[PDB]
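Input: a single structure, listed below in structure tokens.
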Amino acid sequence: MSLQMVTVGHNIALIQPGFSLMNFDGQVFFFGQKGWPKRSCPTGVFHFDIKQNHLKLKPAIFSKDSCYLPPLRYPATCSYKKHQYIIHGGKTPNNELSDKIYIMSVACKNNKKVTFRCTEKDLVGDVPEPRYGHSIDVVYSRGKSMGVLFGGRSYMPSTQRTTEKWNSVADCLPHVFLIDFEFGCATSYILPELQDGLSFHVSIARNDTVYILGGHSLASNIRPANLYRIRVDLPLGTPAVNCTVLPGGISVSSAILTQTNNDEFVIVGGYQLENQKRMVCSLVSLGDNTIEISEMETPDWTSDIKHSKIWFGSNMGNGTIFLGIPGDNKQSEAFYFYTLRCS
Amino acid sequence: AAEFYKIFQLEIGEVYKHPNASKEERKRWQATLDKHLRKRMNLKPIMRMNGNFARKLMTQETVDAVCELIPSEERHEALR
Amino acid sequence: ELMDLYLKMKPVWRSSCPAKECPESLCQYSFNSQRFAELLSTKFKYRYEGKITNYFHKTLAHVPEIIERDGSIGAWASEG
Amino acid sequence: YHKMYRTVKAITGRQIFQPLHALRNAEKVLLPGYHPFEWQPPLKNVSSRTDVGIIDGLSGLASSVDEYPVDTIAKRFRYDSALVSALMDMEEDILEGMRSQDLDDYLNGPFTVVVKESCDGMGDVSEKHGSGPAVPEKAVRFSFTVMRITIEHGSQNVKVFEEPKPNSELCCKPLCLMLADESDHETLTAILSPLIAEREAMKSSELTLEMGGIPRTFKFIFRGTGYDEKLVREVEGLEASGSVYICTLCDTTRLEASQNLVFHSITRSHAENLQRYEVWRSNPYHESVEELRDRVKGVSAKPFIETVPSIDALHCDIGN
DNA sequence: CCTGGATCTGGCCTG
Ligand SMILES: [Ca+2]
Ligand SMILES: [Zn+2]
């Protein structure tokens with residue numbers, strides 16, 4: 001639980017809330033900059049490098065056949081395994097939502113060079129609506145893979161939306177979607193165990209089971225302490241989706257997931273209420289068919305974190321998260337960033 | 001009022017126990033005090049001290065908001 | 001002669017209706033533009049050979065087309 | 001005014017000025033949200049409420065702790081309501097204009113208005129003390145004027161009303177005031193997209209308005225001429241001010257404009273920038289980044305305001 | 001013994 005302050009060079013004005021870190025082969029990469037991508041880096045993805053508590057954001061070019069994607073501001077990330085990376089949904093800089101799936105993978109690597117490849121996957125069937133704040137995961141059942149997508153937040157539909165309430169958002173429908181990446185097919189599944197919308201939840205994947213927990217429901221304005229488990233088996237016919245409500249859940253929203261050990265996850269960050277901050281850390285020790293969410297010791301927070309109202313971060317991948325604080329009135333550099341080790 | 005402002009900024013850093021400090025530690029003490037004064041006393045921060053800032057600063061509510069950021073309590077009763 | 005060319009060219013993009021305020025300066029804007037261009041290229045070779053500011057390009061290149069299209073430019077300005 | 005009225009009524013005995021509650025009650029006749037009006041067809045994503053005045057320009061942007069921190073204050077008029085108010089106070093001018101052109105007064109022909117739009121941010125507007133968000137010390141105003149009104153009589157087109165002093169401060173009618181930064185793109189798009197949605201809806205319909213005992217019919221043409229070069233490059237999606245592509249109206253580059261300097265033609269548009277940004281993000285030809293930018297001519301972002309190809313003259317004077 | 005790129009770096013364009 002070592003907590004260190006991290007300085008950063010001349011691109012601190014590029015990190016916004018809602019960024020995303022992809023960990024390719026122990027190397028961290030930044031995505032989701034602020035504003036449309038400048039001529040200093042036309043792709044938008046960067047080389048997230050820290051040593052000696054100093055950070056530098058070098059550019060990272062794409063392949064020839066890749067597609068130049070907009071900087072999504074609240075997407076759903078996923079770690080496939082020919083190792084690749086799945087992003088879907090989120091806000092563009094012009095505040096509309098995107099319904100695409102982009103797949104990120106390394107085209108070539110040279111002596112400290114990287115060139116990604118980004119292709120766009122087309123979804124047919126029950127196409128989910130463009131949204132943000134949701135979550136996607138992949139499961140491995142009977143030697144096959146399937147992308148499970150739970151709902152998030154979006155605008156009003158295109159007939160009920162008026163310009164006097166144009167940016168008003170509403171929680172999505174609580175369906176569950178099964179996305180087949182190698183064919184571009186999506187089938188919705190309505191489940192009676194899931195009644196409310198949910199957004200900014202954390203989701204832990206396994207062989208065939210996903211454990212969604214936390215998450216703020218907009219329509220009734222609560223952060224309910226629930227814990228669902230979705231069991232997906234893949235027979236020859238339709239895949240059978242089964243949600244069972246479990247007890248023992250916690251009540252957060254937009255907390256940060258990290259994987260320290262195998263079958264071991266830490267929950268850090270997020271909010272308990274509006275005026276309240278989740279200042280404790282939840283140790284989630286998995287099993288083959290069990291979830292044991294327990295409280296660990298808390299990391300000694302400094303006084304500029306204990307009195308902020310906002311913070312945000314993501315998972316660097318190697319058991320270390322990277323969170324940022326709003327500095328103060330912009331007037332200097334507007335953000336203080338930290339790092340946090342987890343064993 | 002500016003002299004008391006410097007006292008407040010020097011008490012949240014415990015300079016009576018850290019008699020040496022860098023530039024950046026003092027800058028961070030100033031930024032922390034600015035954020036907490038805006039959060040508590042609804043005061044935007046300024047570089048040139050005014051008179052209305054001076055009347056709104058020399059209250060007991062501001063020393064409660066500042067005493068929220070001192071670790072000790074002898075410094076609390078001294079500032080009080 | 002540079003300033004004479006520029007003052008022959010200014011009341012076309014400044015007039016609120018240049019076809020009914022200065023048609024004589026409007027009807028030969030192309031000749032004054034080319035004369036201004038060759039005097040930038042020849043007598044001022046040390047500054048505008050390989051680079052030119054944007055508003056010089058907008059002023060010399062486009063504005064007969066814009067004044068044919070809309071009718072005025074100073075009416076559609078932004079001083080209001 | 002209260003001091004002046006109070007001491008004039010105290011000296012003369014008479015009541016020369018009206019007390020300011022009467023001013024307030026006579027003020028609401030001209031503020032937005034007073035008159036009846038009917039769109040034909042109805043406007044998409046626009047309610048038909050006819051009493052909407054000063055509304056929060058956030059338009060219900062979610063201010064919770066879980067998502068993107070917004071820190072701007074905005075107030076605005078609904079666009080069609082403001083166009084109705086600005087058409088209704090200059091009723092007498094339209095009537096006198098058609099009178100002086102040997103037209104009737106009972107005529108209800110389809111008027112073609114032309115409305116000149118302009119937006120520019122400001123600096124050093126000081127933030128106040130007190131409760132509220134962490135507002136930046138910059139303001140952005142969106143405003144419009146009404147340049148010409150042309151009615152069709154017979155076969156040809158006659159004009160009725162003309163703004164006689166078009167760059168006045170008496171005719172730049174305000175529409176939206178936000179405390180944002182025009183450098184920032186997220187909050188700018190978030191505040192400004194309702195007005196663009198209303199304008200895009202209003203571009204393809206008709207307004208029916210009762211003007212002096214007679215219902216008459218209007219339709220609009222919006223021209224966004226009043227933006228400086230920085231805002232046009234930042235909004236229409238082109239590269240910034242120091243690129244190698246210079247002109248926001250054509251595809252020329254800086255060196256080849258230093259060589260030719262006279263012989264060009266206006267080429268850029270809004271729909272062309274839409275097709276170009278789709279070309280940039282779709283990448284249909286698998287080209288590398290440099291030849292992609294050379295194919296797409298510097299378009300590398302999604303435009304979100306249709307701005308006409310024209311030139312601001314004030315900053316042209318200052319630049320020369 | 002370069003040398004071919006990484007990387008600054010100061011000038012220029014608009015506010
Ligand atoms: Ca300005
Ligand atoms: Zn040009």
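Note on naming: chains are A, B, ... as they come in the structure tokens, residues start from 1 per chain, ligands start from 1 in the order shown.
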Requested in this report: Restrict the distance test to only C-alpha atoms (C1' of nucleotides), flag each residue of chain D within 9 Å of chain E, and return the flagged residues as a PyMOL selection string.
Outcome: chain D and resi 228-230+240-243
What does the file look like for those residues with C-alpha atoms, as a PDB file, in the first residue's frame?
```pdb
ATOM      1  CA  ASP D 228     -12.410  34.729 -35.922  1.00  0.00           C
ATOM      2  CA  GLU D 229      -9.853  32.481 -37.619  1.00  0.00           C
ATOM      3  CA  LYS D 230      -8.897  30.640 -34.424  1.00  0.00           C
ATOM      4  CA  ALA D 240      -4.552  24.895 -35.818  1.00  0.00           C
ATOM      5  CA  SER D 241      -3.195  28.302 -36.750  1.00  0.00           C
ATOM      6  CA  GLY D 242       0.356  27.345 -37.667  1.00  0.00           C
ATOM      7  CA  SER D 243      -0.199  24.392 -39.962  1.00  0.00           C
TER       8      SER D 243
END
```
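Those protein and nucleic acid residues that have any atom within 6 Å of ligand 2 are, using only C-alpha atoms (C1' of nucleotides) and all ligand atoms, residues 58 of chain C; 247, 249, 250 and 252 of chain D.
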Take the residues from that selection and put them in a file with C-alpha atoms, as an mmCIF file, in the first residue's frame.
```cif
data_model
loop_
_atom_site.group_PDB
_atom_site.id
_atom_site.type_symbol
_atom_site.label_atom_id
_atom_site.label_comp_id
_atom_site.auth_asym_id
_atom_site.auth_seq_id
_atom_site.Cartn_x
_atom_site.Cartn_y
_atom_site.Cartn_z
ATOM 1 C CA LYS C 58 -7.120 35.542 -47.886
ATOM 2 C CA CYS D 247 -6.784 28.930 -45.937
ATOM 3 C CA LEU D 249 -11.753 28.191 -47.675
ATOM 4 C CA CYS D 250 -9.417 26.212 -49.940
ATOM 5 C CA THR D 252 -3.844 25.222 -50.593
#
```
Requested in this report: Find, counting only C-alpha atoms, the residue in B:75, B:48, B:6, B:56 that gets nearest to residue 27 (chain B).
Outcome: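 Of B:75, B:48, B:6, B:56, the one nearest residue 27 (chain B) is B:6, counting only C-alpha atoms.
Restricting the calculation to only C-alpha atoms, the smallest distance between residue 38 (chain C) and any of D:259, D:299, D:271, D:15 is found for D:259.
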**Report entry** Selection as a ChimeraX atom specification: residues within 12 Å of ligand 1 by only C-alpha atoms (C1' of nucleotides) and all ligand atoms
**Finding:** /C:78-79 /D:118-125,138-142,181-183,226-231,314-315 /E:14-15
Just N, CA, C and O atoms (P, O5', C5', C4', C3', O3' and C1' of nucleotides) for this one: save the residues we selected as a compact mmCIF listing (two decimals), in the first residue's frame.
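Contents of selection-v3.txt, as written:
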```txt
# COMPACT_ATOMS: atom_id res chain seq x y z
N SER C 78 -17.33 41.06 -37.59
CA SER C 78 -17.58 40.64 -36.22
C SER C 78 -17.40 41.76 -35.21
O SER C 78 -17.30 41.48 -34.02
N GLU C 79 -17.38 43.02 -35.65
CA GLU C 79 -17.17 44.11 -34.72
C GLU C 79 -18.39 44.35 -33.84
O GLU C 79 -18.26 44.94 -32.76
N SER D 118 -22.79 34.94 -34.60
CA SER D 118 -21.43 35.23 -34.21
C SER D 118 -21.18 34.76 -32.80
O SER D 118 -22.05 34.89 -31.93
N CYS D 119 -19.99 34.21 -32.57
CA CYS D 119 -19.59 33.75 -31.25
C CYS D 119 -18.13 34.11 -31.04
O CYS D 119 -17.31 33.90 -31.93
N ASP D 120 -17.82 34.66 -29.87
CA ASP D 120 -16.44 34.94 -29.52
C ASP D 120 -16.33 34.94 -28.01
O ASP D 120 -17.17 35.52 -27.33
N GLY D 121 -15.31 34.29 -27.51
CA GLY D 121 -15.05 34.31 -26.09
C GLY D 121 -14.36 35.57 -25.67
O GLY D 121 -13.96 36.40 -26.47
N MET D 122 -14.23 35.73 -24.36
CA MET D 122 -13.59 36.89 -23.79
C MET D 122 -12.60 36.46 -22.73
O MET D 122 -12.53 35.29 -22.36
N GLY D 123 -11.84 37.42 -22.24
CA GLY D 123 -10.89 37.12 -21.20
C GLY D 123 -10.98 38.08 -20.04
O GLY D 123 -11.60 39.14 -20.15
N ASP D 124 -10.40 37.68 -18.92
CA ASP D 124 -10.23 38.48 -17.71
C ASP D 124 -11.55 38.94 -17.11
O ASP D 124 -11.59 39.95 -16.41
N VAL D 125 -12.65 38.23 -17.36
CA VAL D 125 -13.86 38.45 -16.59
C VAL D 125 -13.68 37.77 -15.24
O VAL D 125 -13.51 36.56 -15.16
N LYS D 138 -13.14 33.14 -17.78
CA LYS D 138 -13.38 33.50 -19.17
C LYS D 138 -14.86 33.35 -19.45
O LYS D 138 -15.54 32.54 -18.82
N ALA D 139 -15.37 34.14 -20.38
CA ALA D 139 -16.77 34.06 -20.76
C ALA D 139 -16.85 33.83 -22.26
O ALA D 139 -15.95 34.20 -23.00
N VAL D 140 -17.93 33.18 -22.69
CA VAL D 140 -18.21 32.95 -24.09
C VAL D 140 -19.64 33.37 -24.35
O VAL D 140 -20.56 32.90 -23.68
N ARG D 141 -19.83 34.27 -25.31
CA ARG D 141 -21.14 34.74 -25.70
C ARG D 141 -21.46 34.27 -27.10
O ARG D 141 -20.63 34.36 -28.00
N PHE D 142 -22.68 33.79 -27.29
CA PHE D 142 -23.23 33.47 -28.59
C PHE D 142 -24.37 34.44 -28.87
O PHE D 142 -25.26 34.60 -28.04
N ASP D 181 -14.45 28.39 -21.35
CA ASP D 181 -13.27 28.76 -22.12
C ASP D 181 -13.44 28.23 -23.53
O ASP D 181 -13.80 27.07 -23.72
N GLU D 182 -13.16 29.06 -24.52
CA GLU D 182 -13.26 28.54 -25.88
C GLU D 182 -12.06 27.69 -26.26
O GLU D 182 -12.09 27.03 -27.30
N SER D 183 -11.01 27.68 -25.44
CA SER D 183 -9.95 26.69 -25.60
C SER D 183 -10.45 25.30 -25.27
O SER D 183 -10.10 24.33 -25.95
N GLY D 226 -19.53 35.58 -38.09
CA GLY D 226 -18.84 36.36 -37.09
C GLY D 226 -17.92 35.59 -36.17
O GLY D 226 -17.93 35.81 -34.96
N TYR D 227 -17.11 34.70 -36.72
CA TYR D 227 -16.11 33.97 -35.96
C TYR D 227 -14.73 34.34 -36.45
O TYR D 227 -14.51 34.48 -37.66
N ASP D 228 -13.79 34.49 -35.53
CA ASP D 228 -12.41 34.73 -35.92
C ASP D 228 -11.77 33.44 -36.41
O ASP D 228 -12.33 32.35 -36.29
N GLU D 229 -10.55 33.57 -36.94
CA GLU D 229 -9.85 32.48 -37.62
C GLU D 229 -9.53 31.33 -36.67
O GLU D 229 -9.63 30.16 -37.06
N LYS D 230 -9.19 31.66 -35.43
CA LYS D 230 -8.90 30.64 -34.42
C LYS D 230 -10.12 29.79 -34.10
O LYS D 230 -10.03 28.56 -34.05
N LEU D 231 -11.28 30.42 -33.93
CA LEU D 231 -12.48 29.67 -33.61
C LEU D 231 -13.00 28.86 -34.79
O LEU D 231 -13.52 27.77 -34.59
N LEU D 314 -12.49 42.60 -39.37
CA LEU D 314 -11.80 43.32 -38.30
C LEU D 314 -10.44 42.71 -38.02
O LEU D 314 -9.42 43.41 -37.97
N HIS D 315 -10.40 41.39 -37.88
CA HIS D 315 -9.12 40.76 -37.64
C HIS D 315 -8.28 40.72 -38.90
O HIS D 315 -7.06 40.65 -38.80
P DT E 14 -2.06 35.29 -39.42
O5' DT E 14 -3.01 34.93 -38.19
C5' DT E 14 -3.86 33.82 -38.25
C4' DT E 14 -4.41 33.52 -36.88
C3' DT E 14 -5.05 34.69 -36.18
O3' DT E 14 -6.41 34.75 -36.49
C1' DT E 14 -3.74 33.35 -34.69
P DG E 15 -7.33 35.92 -35.89
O5' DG E 15 -7.90 35.33 -34.52
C5' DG E 15 -7.81 36.10 -33.34
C4' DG E 15 -7.66 35.21 -32.12
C3' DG E 15 -8.14 35.82 -30.82
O3' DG E 15 -8.39 34.80 -29.89
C1' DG E 15 -5.85 35.58 -30.71
```
Requested in this report: Enumerate, as a PyMOL selection string, the complete set of residues in chain C that a backbone-based DSSP assignment places in helix (DSSP H, G or I).
Outcome: chain C and resi 2-14+23-26+29-42+54-61+63-69
Query - Distance-based interface of chain B with chain A, 9 Å, counting only C-alpha atoms, as a PyMOL selection string - result: chain B and resi 28+31-32+34-36+44-45+69
So that I can check the surroundings of region 284-290 of chain D, please list as a PDB file with C-alpha atoms, in the first residue's frame every protein, DNA and RNA residue that reaches within 9 Å of it, counting only C-alpha atoms (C1' of nucleotides) and ignoring chain neighbours fewer than 4 positions away.
```pdb
ATOM      1  CA  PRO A  42      -2.164  12.324 -34.490  1.00  0.00           C
ATOM      2  CA  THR A  43      -3.232   8.980 -33.055  1.00  0.00           C
ATOM      3  CA  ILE A  61       2.108   5.408 -34.295  1.00  0.00           C
ATOM      4  CA  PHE A  62      -0.355   3.009 -35.877  1.00  0.00           C
ATOM      5  CA  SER A  63      -0.102   0.427 -38.602  1.00  0.00           C
ATOM      6  CA  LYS A  64      -0.877   1.203 -42.207  1.00  0.00           C
ATOM      7  CA  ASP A  65      -4.165  -0.686 -42.348  1.00  0.00           C
ATOM      8  CA  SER A  66      -5.429   0.517 -38.968  1.00  0.00           C
ATOM      9  CA  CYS A  67      -8.324   2.880 -38.280  1.00  0.00           C
TER      10      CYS A  67
ATOM     11  CA  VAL D 279     -12.461   9.362 -44.430  1.00  0.00           C
ATOM     12  CA  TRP D 280      -9.949  10.087 -41.661  1.00  0.00           C
ATOM     13  CA  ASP D 294      -2.309  14.712 -47.453  1.00  0.00           C
ATOM     14  CA  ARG D 295      -5.374  12.981 -48.897  1.00  0.00           C
TER      15      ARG D 295
END
```
Chain B near chain D within 9 Å: what's each residue's closest atom pair and its distance in Å to one decimal, counting only C-alpha atoms, ordered by chain then ascending residue number, as CSV?
```
residue,atom,partner,partner_atom,distance
B:38,CA,D:130,CA,8.3
B:39,CA,D:131,CA,8.8
B:41,CA,D:130,CA,8.0
B:42,CA,D:130,CA,4.5
B:43,CA,D:129,CA,5.3
B:44,CA,D:129,CA,5.3
B:45,CA,D:129,CA,8.8
```
Those same residues, written as a PDB file, in the first residue's frame with C-alpha atoms?
```pdb
ATOM      1  CA  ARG B  38     -12.781  27.838  -1.106  1.00  0.00           C
ATOM      2  CA  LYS B  39     -14.529  24.679   0.110  1.00  0.00           C
ATOM      3  CA  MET B  41     -15.486  29.862   3.530  1.00  0.00           C
ATOM      4  CA  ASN B  42     -16.570  30.307  -0.132  1.00  0.00           C
ATOM      5  CA  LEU B  43     -13.458  32.433  -0.794  1.00  0.00           C
ATOM      6  CA  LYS B  44     -11.822  32.428  -4.179  1.00  0.00           C
ATOM      7  CA  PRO B  45      -8.033  32.805  -3.919  1.00  0.00           C
TER       8      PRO B  45
END
```
Requested in this report: Residues of chain D near chain A: apply a cut-off of 9 Å, count only C-alpha atoms, and supply the list as a VMD selection string.
Outcome: chain D and resid 44 to 47 55 to 62 64 to 69 78 134 to 137 184 to 191 193 to 195 197 to 198 237 239 to 240 243 280 to 289 300 to 304
Query - Distance in Å - CA of residue 234 (chain D) versus CA of residue 319 (chain D) - result: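 Computed distance, CA of residue 234 (chain D) to CA of residue 319 (chain D), equals 18.7 Å.
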